[PDB]
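Enquirer: This one's a deposited entry, sequence included:
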2 protein chains.
Amino acid sequence: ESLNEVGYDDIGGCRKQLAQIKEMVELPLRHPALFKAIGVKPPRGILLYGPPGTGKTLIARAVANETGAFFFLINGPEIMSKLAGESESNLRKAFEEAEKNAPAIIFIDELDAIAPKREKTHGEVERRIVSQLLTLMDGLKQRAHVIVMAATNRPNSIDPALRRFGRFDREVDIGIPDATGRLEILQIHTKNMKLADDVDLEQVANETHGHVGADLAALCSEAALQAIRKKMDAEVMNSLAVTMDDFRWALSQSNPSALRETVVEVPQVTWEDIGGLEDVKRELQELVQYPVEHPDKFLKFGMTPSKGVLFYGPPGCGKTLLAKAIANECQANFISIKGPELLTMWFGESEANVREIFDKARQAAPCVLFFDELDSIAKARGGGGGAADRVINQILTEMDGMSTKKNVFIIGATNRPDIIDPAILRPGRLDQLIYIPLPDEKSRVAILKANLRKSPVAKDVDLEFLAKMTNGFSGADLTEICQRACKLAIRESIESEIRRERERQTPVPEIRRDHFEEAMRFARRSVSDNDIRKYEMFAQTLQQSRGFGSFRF
Amino acid sequence: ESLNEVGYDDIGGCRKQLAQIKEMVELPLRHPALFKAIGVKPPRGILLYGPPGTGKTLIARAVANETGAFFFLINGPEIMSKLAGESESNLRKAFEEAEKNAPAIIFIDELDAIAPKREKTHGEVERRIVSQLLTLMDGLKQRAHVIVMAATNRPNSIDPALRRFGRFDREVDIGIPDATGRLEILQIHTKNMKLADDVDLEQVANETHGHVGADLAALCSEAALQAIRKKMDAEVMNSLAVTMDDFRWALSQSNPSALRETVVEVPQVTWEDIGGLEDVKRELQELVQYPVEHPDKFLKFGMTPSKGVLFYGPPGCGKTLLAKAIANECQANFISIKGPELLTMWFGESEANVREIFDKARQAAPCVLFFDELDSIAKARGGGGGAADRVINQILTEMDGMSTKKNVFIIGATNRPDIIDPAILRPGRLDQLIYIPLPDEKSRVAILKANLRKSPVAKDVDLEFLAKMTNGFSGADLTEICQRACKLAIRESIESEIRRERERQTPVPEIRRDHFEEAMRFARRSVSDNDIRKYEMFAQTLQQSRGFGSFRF
């Protein structure tokens, strides 16, 4: 009724995506007179594909309301609920009603329900509703000024005839709300929750991971009810204090759904967490930023931008936080495909779900498609074989497919660079290889400073001394130095509280440098001298300058 | 009629889960005025998923009755029983009836029947009743003060569109009744059974395993009929004496259904059944208790709590009773995933049934997810392969997926620590490894005392002498020392009864110390000196301190 009015301010979790919606379906609706005189063909379907509970209904209702177009809702399960032959009547009546109110927004939510994948559709009446929808979008694409968007979980779950042109051509990935998106969603949902000012709304927004807007509403709901069941007695009702302990309890008891849906997000590493690596930094800038931030020069000199690069080197030396950093300078959506995902695709024989990954990269462009641990499969069949894995081959196919445009950069990184498919290293594919060595003294002092950031560390601790002592230490070992110093600070502080409460009732404010000594006593240089030796042998396998130096004339 | 009134006292076998129901659907029903003034969004579906016959109908009816909400039941097979067209009419009639009695509890038991897995639904009417149920749950989520719970066997057997938000967002694992839960259920079902005071009601509650409340009712029933068929003649009917022999007979001929349904329970090991292992005990406290009992300290010093630990060591040295012990101090539910279960997933190619275990840990949080014998698969393909097994990779996937919140701790323990996936031991994954050695003198005297507990053992026998003579004996060797000493006492006692009855009619009160020589003659040190040698070699493989000792400045 009067509640649904929903506007742009009431929508959070999507800024670029909602702006994309506005540039798609507000100019040809608010002022279509300026539109068709040019001769430009209007969109006639905006297939909003995203995880469930992102409030896609609220998004489309806000876009319709702040345009004035008559938002008419077609509930999917409602259509499938009605008997055979009345669902087709309801669909045609819906489109006919919406062409009356000529600026209209038809929003067929749960398009999976009425029109799933064509192999799933079983009955003929369940194939006369998909067909009726198809002919409706054709006839209302060619006529009557109505624009029909729909909300789906994924773009394989829709009948492929709907993605054909004229029908649902456009797609908008509503996706997971990111950290600032979760901030906006918490502010909207906590407009009236009247916290006790202990809640940041920012720290919780950072430590909610895999939480769509419905999950954030559930989080605020359970936190408010923890406040209610903590008060436990009408004026005392208005004096409820939703304190940060309630939000931490709600987080500890929140079941999120948006995990296993990979998140595209500009990461926060800023090239100072990964210090050093200066020549690698220059190569990554020249490979990512220069194609996208200075693309005129590339088309001037005729150079095609490289499709991909391939890190390699010792494990846990700052390879993942070295593609996040360059995705942060590029301000590109960062898509990390971890090794277990590639392995899962290699074991289920579902080698066609990496088409979906590259497609998601295409929509989320510009990208840094960090195929982390690209040699997981080659380790998993160490040995009858020899090359060309199941899904490595599909990675090659969808890597050769996309053009040097669309600014999608694959930065797949391998611990073992020799067991990988040698067809990956062909030109056009991940031809540039970049050795990521063990941290240099600047690099590991930056690593030690970054791992100890947000942790209360002393002033008399000499972190450059630590970084100067540690030569062969990989980045992961330098984390485990700090995560055994923080852990021992935990032990000492808790033991302090324990012998205080049992005796003094009846503090270790910071990680003192005597914790960084007995924590450093358990220091394991995890990468051997024979691992980095082989990585150097592969590195100068890729160095065959050999006499063409001082090529003068 | 008047019989169904059922209350909280009449429900047993679930305290935390029933209290969760109290905090879910008792506050927003008795006093909803205190609720919606805050702006908190009410629950609108409580998917009570649990094994069949846990009295879920009785649970929902008791919660409604002690609330006053109009419990109205939608029997699943009743809906599927009516012909096509009026099953949907019965659904709409049910919802429109319950929105009249504005505080109401719809309880659609056997939601598997009306809405199974979406692939399983075959006819179109079986897909118009799920769709009708979906649109009804949407319309009654957004309106009419009414809340709709439904009992299922598992959360895979339900159509995935029901678990979407607005629809069945909440889930409650009613689960297996534990030992004290079985005590409560036994007392409820044995209120009027008028025992002979020989029945403990507690010992029988301990030795019924995998028994849901209906199985306990069947147990009391078969015991009562054994009393009836032991009496075998109206006043003699009132003088029936249900003696513990009847309960033992009924327990020996009870067919339980709740086996193969993994039980979550705070176990009973109390950390002195496994004596010794003091440094291991301190690491386990620092890893489990300190993250969950003192969690503000971790967020102060910025430490993310470690996701999991990996025991290793000689077989049967107290590794399972070393994770139950820490799950007991933590008061966390304990989920043991034995090696045959992982192997069963590796052979059936059902690598996606370990997603269900991690989900079960998430609902049953905080947990100790003891993947006992994590190297079952690697032993089962000892040898073209090399690493990264079918379901070990899925364990890595849903181990990396969940955050350091939710307090789910994985303690997967391996006899052979080198054949396991090296990707398990990466940081973030089961990074801590804890060698579990053969018992020391304190540890094996505690093992001997615990194995001989509840068994009548003499005073003159020195268990410190036994623990002092056994050096290379693993804990299992010490069990077969005591389970051959008990067995010799059995043999000698039964032989005494035999030679008494055949001659004296026509006692060995305890395990005397002259049986502990005959048992100890067959003393098998089952773990060799070259097995523990390899485990210590792996231990120093994990000890690479190497000169960073005496790190001063």
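Expert: Noted; the coordinates are in hand. Numbers count the residues shown, from 1 in each chain, chains lettered A, B, ... in the order given.

Enquirer: could you pull out the strands for the stretch 351-500 of chain A?
Expert: A:367-370, A:408-410, A:430-435 (DSSP state E, counting those that start in this stretch).

Enquirer: okay, the ones you listed in a markdown table with mean neighbour count and distance to residue A:274 next?
Expert: Just so you know, the C-beta spots here come from the backbone N, C-alpha and C atoms, and that holds for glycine as well. Listed next are these as a markdown table, based on neighbours: other C-beta atoms under 10 Å in any protein chain shown; distance: least, C-beta to C-beta, whole Å:
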| stretch | mean neighbour count | distance to residue A:274 |
| --- | --- | --- |
| strand A:367-370 | 26 | 14 |
| strand A:408-410 | 26 | 17 |
| strand A:430-435 | 20 | 13 |
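
Enquirer: between those, which gets nearest to chain B?
Expert: Comparing those against chain B with C-beta to the nearest C-beta, the closest turns out to be strand A:367-370 (14.7 Å).

Enquirer: same for the closest one, what does it pack against?
Expert: helix A:320-329, strand A:333-336, helix A:354-363, strand A:408-410 (3 or more C-beta pairs under 8 Å, 6 or more residues apart in numbering or on different chains; DSSP states H and E).

Enquirer: Just name the most buried of these.
Expert: Comparing the helices and strands packed on strand A:367-370 by mean neighbour count (mean count of other C-beta atoms under 10 Å in any protein chain shown), strand A:408-410 comes out on top with a mean of 26.

Enquirer: Just list what that strand packs against, helices and strands only.
Expert: For strand A:408-410, the packing partners by 3+ C-beta pairs under 8 Å, 6+ apart are strand A:308-312, helix A:354-363, strand A:367-370.

Enquirer: The same query, at a cut-off of 6 Å, please.
Expert: Packing partners of strand A:408-410 (3 or more C-beta pairs under 6 Å, 6 or more residues apart in numbering or on different chains; DSSP states H and E): strand A:367-370.

Enquirer: what comes into contact with the strand it packs on?
Expert: Applying C-beta atoms under 6 Å, 6 or more residues apart in numbering or on different chains, the contact partners of strand A:367-370 are A:323, A:327, A:332-336, A:361, A:408-411.

Enquirer: will you turn these into JSON lines that also has distance to residue A:14?
Expert: Below are those laid out as JSON lines (distance: C-beta to C-beta, whole Å):
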{"residue": "A:323", "distance to residue A:14": "24"}
{"residue": "A:327", "distance to residue A:14": "19"}
{"residue": "A:332", "distance to residue A:14": "17"}
{"residue": "A:333", "distance to residue A:14": "13"}
{"residue": "A:334", "distance to residue A:14": "17"}
{"residue": "A:335", "distance to residue A:14": "17"}
{"residue": "A:336", "distance to residue A:14": "21"}
{"residue": "A:361", "distance to residue A:14": "18"}
{"residue": "A:408", "distance to residue A:14": "21"}
{"residue": "A:409", "distance to residue A:14": "24"}
{"residue": "A:410", "distance to residue A:14": "26"}
{"residue": "A:411", "distance to residue A:14": "26"}
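
Enquirer: quick revisit: in JSON lines: the strands of the stretch 351-500 of chain A, plus distance to residue A:304.
Expert: Listed next are the strands of the stretch 351-500 of chain A as JSON lines, based on distance: least, C-beta to C-beta, whole Å:
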{"stretch": "strand A:367-370", "distance to residue A:304": "17"}
{"stretch": "strand A:408-410", "distance to residue A:304": "13"}
{"stretch": "strand A:430-435", "distance to residue A:304": "11"}
